[PDB]
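Only one chain is included here, represented as C-alpha cells and corresponding to the form deposited in one PDB entry.
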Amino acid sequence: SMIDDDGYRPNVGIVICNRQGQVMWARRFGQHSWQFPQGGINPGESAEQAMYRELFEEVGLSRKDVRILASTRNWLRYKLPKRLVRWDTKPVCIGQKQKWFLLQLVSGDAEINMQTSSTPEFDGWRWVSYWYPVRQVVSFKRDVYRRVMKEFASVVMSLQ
C-alpha cells in the first residue's frame, strides 16, 4: 500500500564508492545477478531513513561508516518487464520509483558484512570500476543506472 496510483513502489538505491573511485557491486542471494543495493520505503519513513536501514540490514554499514555525497533530485522510474508483474496480487506493482544516494565508505572494507540479516538479499560483494554497472545491470534497470551513474560522475570524479 506504498504503491502509488500508477503502480510504482517507492524505492531507494545506493551507490557506495571508495576513495579510488570504485563502486560496490552486490550479488543477489542464490543467484548470479549483480546490482546495487536497493530496497523499499516503508510506511512512515523518509528516503534517507529507508536508505540507512537498507544499508545496515543488507550491507552491514552504519551511519558512521559512510557519508552522503549526493542524492538524485527527482525520482527515477523503471517498469518491470511485463512477464515479471504479479498481476493477481492487488494492488499490482508494475515498476519502481527510486531515489538514489551516492555514499562514500569512510571506514575500512572489513566493516562490510552481508550477513547482518538472516534473510539476506545479497550474499557477496566486490569493488568494480565506476561504469561497469551500466553494462552489467539487468536490462530493464539500465536506463535508470545510466542516468544515475551520469548524475553522480562529477561528484565521484572530484575525488583526487
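Sequential numbering from 1, following the sequence displayed.
The form deposited with a small molecule bound is left out here; the points below concern that form.
Among 49, 63 and 101, does every residue place a heavy atom within 4.5 Å of the small molecule in the deposited complex? Zero of three within 4.5 Å in the deposited complex.
Quick one: is residue 33 in contact with the small molecule in the deposited complex, heavy atoms, 4.5 Å cut-off? Residue 33: yes, in contact with the small molecule in the deposited complex.
Indicate whether the small molecule has at least one heavy atom within 4.5 Å of a heavy atom of residue 67 in the deposited complex. Outside the cut-off, so no.
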